[PDB]
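Comments concern the structure below.
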Amino acid sequence: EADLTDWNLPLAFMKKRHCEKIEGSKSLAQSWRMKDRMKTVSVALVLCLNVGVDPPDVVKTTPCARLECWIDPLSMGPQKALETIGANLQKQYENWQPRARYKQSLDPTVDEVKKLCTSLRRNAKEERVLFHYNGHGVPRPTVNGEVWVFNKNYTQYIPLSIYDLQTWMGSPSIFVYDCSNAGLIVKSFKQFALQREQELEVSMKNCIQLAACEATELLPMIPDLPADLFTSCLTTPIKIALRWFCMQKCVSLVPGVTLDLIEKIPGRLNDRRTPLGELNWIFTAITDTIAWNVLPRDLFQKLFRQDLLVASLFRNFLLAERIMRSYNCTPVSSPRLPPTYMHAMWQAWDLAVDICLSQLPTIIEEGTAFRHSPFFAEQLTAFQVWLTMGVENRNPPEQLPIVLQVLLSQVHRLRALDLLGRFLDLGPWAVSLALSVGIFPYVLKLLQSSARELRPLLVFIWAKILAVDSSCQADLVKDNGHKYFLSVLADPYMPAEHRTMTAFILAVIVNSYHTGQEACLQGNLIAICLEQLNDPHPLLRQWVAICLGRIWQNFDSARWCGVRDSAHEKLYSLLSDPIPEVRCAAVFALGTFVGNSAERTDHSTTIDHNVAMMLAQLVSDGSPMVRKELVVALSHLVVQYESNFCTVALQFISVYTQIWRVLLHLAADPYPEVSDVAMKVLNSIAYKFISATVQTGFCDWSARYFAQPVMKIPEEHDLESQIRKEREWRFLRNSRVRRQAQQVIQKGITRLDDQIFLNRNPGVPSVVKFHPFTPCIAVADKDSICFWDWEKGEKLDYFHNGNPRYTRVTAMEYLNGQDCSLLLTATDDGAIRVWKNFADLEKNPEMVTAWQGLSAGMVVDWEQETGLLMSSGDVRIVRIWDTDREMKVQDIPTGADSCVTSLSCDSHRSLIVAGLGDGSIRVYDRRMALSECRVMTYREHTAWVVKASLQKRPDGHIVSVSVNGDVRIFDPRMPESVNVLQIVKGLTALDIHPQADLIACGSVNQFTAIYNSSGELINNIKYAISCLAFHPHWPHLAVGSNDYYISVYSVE
Amino acid sequence: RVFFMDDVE
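Listed in order, the protein sequences are those of chains E and G.
Taken in order, the first sequence gives residues 18 to 219, 236 to 686, 806 to 840, 950 to 1116, 1125 to 1292, 1303 to 1331; the numbers are from PDB author numbering.
Yeah, the second sequence ends on 407 if you go by PDB author numbering, and it's all consecutive.
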């Protein structure tokens, strides 16, 4: 079939740089940064336990609840018990915040609490101070807002107003209450805060309260539980959680588990490899997960991420709420947390605890080996399952804090980093979420590890983070992670993708940051980039060049280091790189290297002149982006040498003159954006301030690549994608068109006198081009380009090509005719420009790319299969532009004084033919050397060859017709004409059809002869015919007279 | 830091 031909055709000017506008992605407002770091410098422990005496308010039962801080006061005497309980509570709090000035109070008086709290506030005026109160041995707080403590003789409970309590305290403080009606305490505290606010007109959010109960509720009196329950949940969550689990009906599933066995559990809270440490780690992960999923982001950051002690207190407060809900008790906190007792992660906590302590009897008795709990592995499996179809921005995964927790240890660190990288690959929103959870400090600390397997995952994660948020450069420089990145970049064995990842990271670090630039200079980044400059990887070279450019941006020491290393000479090689992106990056780097001369010795002037003359040969460049970067580099040159450029400009109203000529060339650029930038740069020179400096968005546009996902399969490879189905339908339509055309041609050619339509144009139809498949004909006028249809018969579009009055659209072509077609329009001065969306309903005319070619009119011959483009005209040179590399590949010499009137080529062979004004028809073979490119030169005409077109068949027959009108069919293997014909004495225009041998000619007397290769008379249509065009597939012909009328003819 | 990253070299 004819489908394989369409599929294996490169799509010229169809890439990211052509479709997407070259601009930087706007940086989002990254609020993941922690505003301030509070510290609990001191903790106050007020324990009004009243050991040995029961409060009158509550009549305790005979067994009662005698356990305070896991200590039985009645066994060891009153004073000794109180001291031991105070010490044990200090130890339990030190378990969470070891570095704090703990000052215990054992049954204190009002003045004693006054002195304690005032001294602590004087010690820490602006840092958090924890106040811990135990009202188990004193009467309940009253509605009036008072707290009961002891007098000197311990004969009566003297009250203590909460107003005075918070007057002695300060605004930065957290309060933990363990009383019966602690809700009354919280309500009175808030009422006093409101009273203070009312008085202030003529410390509410800052102070945090944790309360054991609501105002109405009473503490539980069950003998099994400790009397000190809320503090046991807050300070020793794992022990109380296991004790509470061993009291539920879930124990029935696991026989042989008792509180006596829990008392003898092995391991410590710190060693995560031990069962107790594993349980503590799992509890931390689950509580953090519940807090993250339930609480809002702002409250989660304020509570569970500000400081260690408050975060731990609230993580244990979740467990306190869950435990005390079952005893008709509701803990109260100053910021009202939404209820978390029903969260689904508590079931996972129960299952994990069950699995962990189901092995406990064997550990205790048989002394077996403790197998690690599969909790984290299963949670990471769930995270992976979410990521499998997590492309859509659905509800965020519940396992992000679990990923953060499992990042801490090394047992599953590599898998956690892999999953985190896969998640950050999803997009900027995923990176923002991960930074909001608080992975940044831990990923930053991970850079200290010397494990070589972590390097790819870490560089991937850091590249994503820096692509999203660029403010991390200061933190990376502070922690010396740039040393880690330099070590990554200096390993040839590393895969190239991670090396370009690290190159991007280093480019972002040094981006407009003098500290980072100096740090990387002292890290020998220049040499590292230079050694990896000629690497066979386009993106690696591009980002190495960008990093080199950003290193010496306003940095004279970096420029000196580059000069010593001959960085400019080595960077000159990238200016000829086939990839346009690398050329643009090299131009950016060279311009930035120029822009920081700062008046050094004559060697600096010489090297600036050398770089300028090396960049001044890059004007003849296909890529408008690279030319814009060249304009920016030349603007840097101008800023460096403003006085010399002013003198040069005033001279005409020898190095700077050449740069001025280059800028003038760039000013009259076909691409509007390059022309505008060059014009602005030139105007900045005449009136001679810093505001004239303009920076292009190429660097940020390149950095946008790392924001987009990379791992997932591209949309083109998707077989069931809509785009591929549309392309398949288009190719099916093209195959049908070709088959129908071949069937029509097989039936012969009858007389063609059918006039499909007759219209009027605003301008003279100069060149008419048929779209091969869709029913669109592109007619170019002097100052416009119309697109008519021969089915609907309506004017679709009316462009302005942009060429000046003297110029004229001479040649035209349809790039990518099979699908997603472009329109190439070459003016007679050299300007070649490509149009997109030229016949669309919901899209406006669009200019893809443009570049001044060369520098009869201008003749163009597109070659879709090889991707090359040959332009010719008045010059004695035939240029061969390659749209893939966007650079001129060959310039074969015409070797004749007359202009190239026509140009055509044979597919699958190098048989570039060219009609000439003098009459000769030269043929060129680009396989051989330039001096041997010329193959044959036969001169049997003296007139402008109207069209020396060629036949696509293997037996190519150059049908060359001059103004004299004498047809001479030539062959590439015979130096003499095979067939000679004479048609019209005065000929004006003609066209040839490759499939059907139909030579359509013009005439001054309105005649239009459509003859055959044999010269047989077929049709003499009676109406200067200056534009004829044949449909490449159908036997259609377009006739446009000197009058602005267009017609399309067909055979029945 | 809120948590304790261990085994970091």
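Where is the CB? At the ideal position from N, CA and C, for every residue including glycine.
- Judged by DSSP in its simplified three-state form, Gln242 (chain E) adopts strand.
- Spatial neighbours of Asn835 (chain E) in its own chain (CB-CB distance under 7 Å, excluding positions within 5 residues in sequence) are not present.
- Segment contact: the region 1131-1139 of chain E against the region 1101-1108 of chain E, fewer than three CB-CB distances shorter than 8 Å; contact not assigned.
- Here the alpha carbons of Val1144 (chain E) and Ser504 (chain E) stand approximately 54 Å from one another.
- At a cut-off of 8 Å between beta carbons, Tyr475 (chain E) contacts chain G.
- Contact between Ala1111 (chain E) and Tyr823 (chain E) holds, with the beta-carbon distance rounding to 4 Å and staying under 8 Å.
- Burial is judged here by how many other beta carbons sit within 10 angstroms of a residue's own beta carbon; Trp24 (chain E) has fewer than 16 and is exposed.
- In the DSSP assignment, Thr535 (chain E) falls outside any beta strand (DSSP E) and lies within the alpha helix (DSSP H) extending over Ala529 to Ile542.
- The C-alpha of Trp49 (chain E) lies about 17 Å from the C-alpha of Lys43 (chain E).
- Close partners of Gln443 (chain E) in chain G (Cβ separation under 8 Å): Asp404 and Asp405.
- Apart from the 5 residues on each side of it in sequence, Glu825 (chain E) sits with its Cβ closer than 8 Å to the Cβ of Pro657 and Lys661 in its chain, given in chain order.
- When rounded, the separation of the alpha-carbon atoms in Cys617 (chain E) and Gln506 (chain E) is 25 Å.
- Apart from sequence neighbours up to five positions away, the residues of its chain that approach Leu91 (chain E) with a beta-carbon distance below 7 Å are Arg83, ordered along the chain.
- Note on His1210 (chain E): 16 or more other CB atoms within 10 angstroms of its CB, so buried under the neighbour-count rule.
- Across the set E:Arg446, E:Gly1164, E:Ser406 and E:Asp458, the C-alpha of E:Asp458 shows the shortest separation from the C-alpha of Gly423 (chain E).
- In this structure, the beta-carbon distance from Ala1269 (chain E) to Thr1277 (chain E) falls below 8 Å.
- Judged by their CB atoms, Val1169 (chain E) and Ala1092 (chain E) are not nearer to each other than the 8 Å cut-off.
- By alpha-carbon distance to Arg448 (chain E), the top candidate from E:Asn239, E:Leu491, E:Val60 and E:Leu62 is E:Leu491.
- Residue contact with chain G for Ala410 (chain E): absent (no Cβ-Cβ distance below 8 Å to any residue of chain G).
- Non-local C-beta neighbours of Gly1078 (chain E) in its own chain, meaning closer than 6 Å and more than five positions away in sequence, comprise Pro1033, ordered along the chain.
- DSSP, reduced to helix, strand and coil, places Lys335 (chain E) within a helical segment of the structure shown.
- For the pair of segments examined, the region 303-320 of chain E was found to touch the region 426-442 of chain E: the number of CB pairs separated by less than 8 Å reaches three.
- With a cutoff of 8 Å on beta-carbon distance, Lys497 (chain E) and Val464 (chain E) are scored as near each other.
- In this structure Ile1161 (chain E) is in contact with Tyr1193 (chain E), their Cβ atoms being roughly 5 Å apart against a cut-off of 8 Å.
- Taking a Cβ-Cβ cut-off of 7 Å, the neighbours of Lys478 (chain E) in chain G comprise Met403 and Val406, given in sequence order.
- Here DSSP, grouped into helix, strand and coil, assigns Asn168 (chain E) to coil.
- For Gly460 (chain E) and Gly471 (chain E), the gap between their C-alpha atoms comes out near 17 Å.
- Close to chain G, meaning a Cβ-Cβ distance shorter than 8 Å, is no residue of the region 809-830 of chain E at all.
- The secondary-structure analysis by DSSP pairs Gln1016 (chain E) across a beta bridge with E:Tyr1328.
- Straight-line measurement puts the Cα of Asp641 (chain E) at about 24 Å from the Cα of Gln555 (chain E).
- Annotation: the continuous beta strand (DSSP E) that includes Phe1060 (chain E) extends over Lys1056 to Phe1060.
- Annotated three-state conformation of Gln956 (chain E) is coil, per DSSP.
- Contact check for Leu342 (chain E) against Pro368 (chain E) fails: the beta carbons are separated by 8 Å or more.
- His149 (chain E) carries a strand assignment under DSSP once its states are collapsed to helix, strand and coil.
- Unbroken alpha helix (DSSP H) runs of no fewer than 4 residues, entirely contained in the region 960-1038 of chain E, are found at 983-1007, following chain order.
- Under the 10 Å beta carbon count, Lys1254 (chain E) is surrounded by fewer than 16 other beta carbons and is classified as exposed.
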